[PDB]
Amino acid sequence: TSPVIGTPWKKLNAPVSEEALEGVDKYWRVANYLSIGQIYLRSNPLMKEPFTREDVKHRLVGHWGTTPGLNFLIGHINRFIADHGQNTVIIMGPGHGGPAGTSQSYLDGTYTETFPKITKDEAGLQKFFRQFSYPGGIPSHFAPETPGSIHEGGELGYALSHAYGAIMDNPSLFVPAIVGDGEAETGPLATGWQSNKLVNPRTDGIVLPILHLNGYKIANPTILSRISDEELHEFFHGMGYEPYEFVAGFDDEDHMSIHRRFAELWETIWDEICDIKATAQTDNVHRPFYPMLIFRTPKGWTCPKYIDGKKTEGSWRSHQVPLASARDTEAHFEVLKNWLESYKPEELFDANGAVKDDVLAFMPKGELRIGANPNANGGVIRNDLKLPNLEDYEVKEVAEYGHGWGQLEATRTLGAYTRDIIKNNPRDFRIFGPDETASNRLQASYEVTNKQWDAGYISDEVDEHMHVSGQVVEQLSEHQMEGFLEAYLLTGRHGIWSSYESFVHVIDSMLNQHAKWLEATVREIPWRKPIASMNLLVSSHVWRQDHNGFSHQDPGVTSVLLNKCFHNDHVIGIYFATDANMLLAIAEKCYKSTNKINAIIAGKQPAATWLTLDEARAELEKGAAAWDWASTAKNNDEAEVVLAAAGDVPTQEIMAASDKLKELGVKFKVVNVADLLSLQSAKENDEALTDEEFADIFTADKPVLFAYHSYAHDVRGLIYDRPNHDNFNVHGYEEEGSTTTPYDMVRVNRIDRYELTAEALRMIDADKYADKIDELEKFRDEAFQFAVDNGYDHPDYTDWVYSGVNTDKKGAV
């Protein structure tokens, strides 16, 4: 569970010292100066004579606008951390403000501790300034390469769901979440404000949202800066906050005076947080109004007010570079030089180029430093889950009654296994669900915990399995669920979420950002220790969207995830739970894994169980397997066709086609694929099947009928250099279906058992089996018309039980 760090939720009980605040102003001055140097300066970081256009970067890249306001907040937050001993992680929503977070880490000393070549002297500063957004150097954003970051803020919107995930089961943590006012325009951010109804102030930490109301985005004003101030406070109050508002920088108020006003507001806010935390030790059943700060300052604060007659400070024009180039003209260079001198760096750095002791005496120390706090590198907190014995959850009936036994709903087995994970690991594992945890059948967890709910309660007739603290959280928002789990992982904990397959797409771009975080981490950030994997049960899938139809039919998250499988990063798993025992084999592997996104595609509908647990774990190891017990062919050379499947429903249809083919005396081999990436080119992926193993499973030269859960294009793109790839006939989802029967869903996508029997026969010998093909094609129409006449499927389809099941016996019928 999360460490208790420092002395949490302690009041100052004294005014902030004049000396601490002179410190904060020096910090702000040197952070701004560092921030400008990074964007503008390729050499001569301290402007030693002569300081010339020659010292300016050729391509100016970086964002000034947000930066001075981030520097101001971070200096004040550092002062606060130090005075109070407060366990603090920031979330920099405007992550394009990267130079604010690298400057922080440089100033707190974690930069040089982590990057020993970047030294606390003039030569380290020259390197520091040059490498920023520079080839061979470091990103423009508050990237994973920077100590103190758990949130890059490149794709906007996710600041609040990450802040709130972070504080979950983390009662000593405080998260100042800085939210851009443009970012507050996004849908994910807008809903993220409401997270305060889903945390508990005794058993979780505290989020202080800070709206960075600097009044502009790239080329527009922001909605929230331009509505009435009274509508702005009502909005936040309506969302369960106590809004406080600070305005500064719009007139000639001297900076010390601003710091004094701000530190005093900050302490009042903090007193209120401390009251909330103390009350919560006694009463954590009535939701408080949590403070939030409206921080209203001019965008680009402290840069030149006007440049070439254009308003710059306090404008969208300051967004990127306020001085657009300083290499082109003498006069532009001069504006740059005067801007950098305005911070009076000769008072901030010693003759050696180190920042002075009196600039940083106010800073926190040790693990309370923003860049050093372990919650910002949660891999160092994460330990292996204590897992229950996998064998305890096995579907034992395959071993007793045969392959293909039963009508289990597979995800219930993951339900029972996860419940015992939670029991063994209280406070370290969460489930999230956009109002679908019971619908995906994970509700066995309610035997040991509850849905966490901190809005009103009204009656034991409707409020079941909810309590103000619990390890399951639901809100109808894929953004919140994904974001909450991401940050729970990044702070060193574990969990799973589930979603209807088609709506996983709502968060494709979040999956992309988390994959890229992981890709960068495993490639070049070895100090950022492995975090637990983001595990996503993809269920209520395409083939069985019973109550819903066409808009709910989209298994293409497979396609999106394939765009993050390069370079042997291994940060993606794509799995098809063939049945419940395969689902156990996949879950155990994913729950042990670290630094991945695992999509575990599994059916919640009644279905056959194909494999014993031992057989599933053996299959999963390579990722695909022949099923000798299912094949009529004695070896590869004798197979007339390969019947291959990935997905619980494709496997069902392939299995049923295999019984029909057996009846016709066909010789064939059955293959099952459970890990999509086992099929990937062996030269791109050093964990995939070797060309030799692949040819052994699929044959060097027989026709391969492959029934795929998602879009056929996935498999086609993947196997393009594999032996025998030209003999693959890949069937998959084809954008057909509606509100219908199970048979009809497979029929209209050409993947039903009958069509599969026909296809195999056409691939073997079309003229010879022409009458058999024609009669299967007619039966497809007879079975559809049966569904239309009757409202349920043909008994040939529903009553089929694989020939492998002992239907002579007890409870096998």
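When you see a residue number, it is the position in the sequence shown, counting from 1.
**OP:** Can you let me know which of the two, 596-604 or 610-618, has the higher average C-alpha B-factor in the entry?
**Re:** The entry gives the higher C-alpha B-factor average to 610-618.
**OP:** Give the stretch, out of 316-324 and 180-188, with the larger mean C-alpha temperature factor in the deposited entry.
**Re:** Mean B over CA atoms: larger for 316-324.
**OP:** Report the option among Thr66, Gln785, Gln38, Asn32 whose CA atom has the maximum B-factor in the deposited record.
**Re:** Each of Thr66, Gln785, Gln38, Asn32 was compared by C-alpha B-factor; the highest is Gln785.
**OP:** Comparing against every modelled residue in the chain, figure out the third that the C-alpha B-factor of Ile218 lands in (lowest, middle or highest).
**Re:** It falls in the bottom third of the chain.
Original post:
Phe694's Cα B-factor: lowest, middle or highest third of the chain?
Top reply: Highest third.
Original post:
Should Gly492 be placed in the lowest, middle or highest third of its chain by the C-alpha B factor in the entry?
Top reply: Answer is lowest: the recorded C-alpha B-factor places it there.
Subject >> Third of chain Cα B-factors occupied by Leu125 >> reply: It falls in the top third of the chain.
**OP:** State the tercile, meaning the lowest, middle or highest third, of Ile210 with respect to the CA B-factors recorded for its chain.
**Re:** CA B-factor rank for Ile210: lowest third.
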